[PDB]
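One chain is shown next in structure tokens, namely the form deposited in one PDB entry.
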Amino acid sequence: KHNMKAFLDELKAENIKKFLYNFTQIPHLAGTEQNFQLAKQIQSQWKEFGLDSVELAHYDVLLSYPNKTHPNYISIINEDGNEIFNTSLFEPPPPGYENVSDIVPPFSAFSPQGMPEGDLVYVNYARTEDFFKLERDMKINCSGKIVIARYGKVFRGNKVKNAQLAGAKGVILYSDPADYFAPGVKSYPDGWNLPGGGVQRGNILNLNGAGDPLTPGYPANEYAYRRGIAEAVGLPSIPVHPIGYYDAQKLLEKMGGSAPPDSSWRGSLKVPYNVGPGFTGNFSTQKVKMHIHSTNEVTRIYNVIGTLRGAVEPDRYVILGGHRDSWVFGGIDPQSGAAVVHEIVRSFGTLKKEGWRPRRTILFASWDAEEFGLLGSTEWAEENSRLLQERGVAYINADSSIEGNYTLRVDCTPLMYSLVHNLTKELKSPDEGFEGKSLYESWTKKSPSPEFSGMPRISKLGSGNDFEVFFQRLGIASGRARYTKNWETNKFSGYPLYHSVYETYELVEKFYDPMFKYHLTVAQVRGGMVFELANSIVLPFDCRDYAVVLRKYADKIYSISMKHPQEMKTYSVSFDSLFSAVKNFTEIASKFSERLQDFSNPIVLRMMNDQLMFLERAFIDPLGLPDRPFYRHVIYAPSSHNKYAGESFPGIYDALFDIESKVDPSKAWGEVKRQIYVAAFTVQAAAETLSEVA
């Protein structure tokens, strides 16, 4: 038989291991020849595996690279102008790869050029609340200073945006051992911790979903009109560079001015974590000088797009996509995900060769330039938006399959909650102590839902990965799943070797997943979801699960507003419309579910499948969110303070944020009321798509 069990049994840990090794022997940086060769290899193999069509879709996008003959570095400079300390020009390469060339040195992609020189101020994680504390409570002025911030907690682009609006003339990012060195584990190559010379790469854009900075709204094809660099979307205005904790120690150790305000501002280095500005007495004449010479350049990128045509609904698309480009070797990010995708394609192709096809079309994607701002997935979605709008059932992301080995982590639309619960109950747990138990049981034990006893945690989607365009711009139901660590406070920080040269095959095989059993479990979860989405007669979405979360989100936003009861009285700020809409959605969803359970008629089926598919689409406002036209989903958007985190009712949340500091409270509360109307209207409109059609 050709059923989900046949699909799942065909997946093999040893194949995923073979593929990971094959994908991680040389760097695959976006825009380079190596990454083009890998794209060509994957295209050839996906054809061999049995896909109906496999094409490269290429775009010419803005990328960023250091200048090979003019290296980026930071100095402490004396009053004569002698550079008495320099940060490293590269990470010491891992054992056996000290002869690989084309390892890109650590840099912050898209930093402008400059050589700013100034006094340091330490801004903790450079979060919105850290800047509030500095400026409002400590009365420390960041204007004209170089800010030094530790990585962690929030997306680095948000740190740089925050520093820029504080008036900083430069940003130094570093990895503190508090966030990137787990106690009791050894540094690479003898354990999975970050060495003092390790550095986290990463882009510092604030694109807000735009894709290629030069072509917002339209694909960067051969005849594209490009904005000038001055009008480009999302580029930082001040230079930025990342360093490791050996170099950070040298910069922080001389810091003077104010004591840190409390212990949450102290990392693990042997320094005072003084906030500054500037150095203590004897060194008060020394300054810090950045030297940044990276260049932005329009460069070709290549997505691999594979098609497995549906037997019954070939005009309905289930998409499994993840990126292929890496900072260096990509041992976890992304090749641990890409190796899983390759084995999933191989398994679907095996069934295809035996005569089977899925009910709906499955599209497989190997995205390029994800590391430079989700460019490959976004450009392809801009090119194909009309097809995706009208035909896209679901998108399942597939970046890193593991970031730890403790338990499952899932983020998805509420429409997939029931699907994920049902699938994990049929999968075997790979965890020690749970042999013979289901993945649902181990996951629920290790990661309990905060609200429901006997259910696991599933988080909201935000951004920071290639599902963003599909879910936040186009309103296609999306999900993702991976194996994760225990470390709750580190959930947005990355694992210790994230975006460093030390993310290698050896890291994964020695320290994360030697038997590839966690990889296999994740291939079963991602592959299983795609199989059910592409083959179930009725789409496996439960609208009642959206009704449940919409009430939670409404209660939550109401509670935030109710921190200001006098203003709510004065400006007559009522949430009645929004609760009414959510109540209506609950009632209509309940009636729709009854009809779905109670209807031989393929028109009623497909009419009902169309109602299910277009339900996520109904949450899209074609006018977008305020000043963020490419974030259009009214229930979910990436947090304005942390692109990695999902925020619920983001239009209302942002209207309420820091509202007590607004100078015209009448205008500010007016805008809260406007967002309440938009949200109530959209919830009601979405509910009405589930009513009887005529």
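Under this definition, the rigid core comprises the largest set of C-alpha atoms superposing within 1.5 Å between the forms. Only residues modelled in both forms are compared. Residue indices: 1-based, along the sequence shown.
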Chain break class for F599 to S600, judged by how many deposited residues have no coordinates: 1 to 3
Of 422-430 and 139-147, the stretch whose C-alpha atoms average the higher B-factor in the entry: 139-147
109-117 or 476-484, whichever carries the higher mean Cα B-factor: 109-117
Largest Cα B-factor, entry values, listed residues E647, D654, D664, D60: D664
Residue with maximal Cα B-factor (values as given in the PDB entry) among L351, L520, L320, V548: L351
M4 - which third its CA temperature factor falls in, relative to the rest of the chain: highest
Ranked C-alpha temperature factor of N67 among modelled chain residues, by third: highest
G306 CA temperature factor, ranked by third within the chain: lowest
Cα B factor band for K460 (lowest, middle or highest third within the chain): middle
For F511, the third of its chain into which the C-alpha B factor falls: middle
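Below, we turn to the form deposited in another entry, even though it does not appear here.
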Residue among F452, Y218, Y246, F492 with C-alpha shift of 2 Å or more between this form and the one not shown, core superposed: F492
Outcome for the Cα pair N490, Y174 in the other form, compared with this form (closer or farther; change of 3 Å or more): farther
Pair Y174/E488, Cα separation in the other form versus the displayed form, closer or farther by 3 angstroms or more: farther
Rigid-core superposition between this form and the one not shown, with residue runs of at least 3 whose C-alphas all shift by 2 Å or more: 487-494
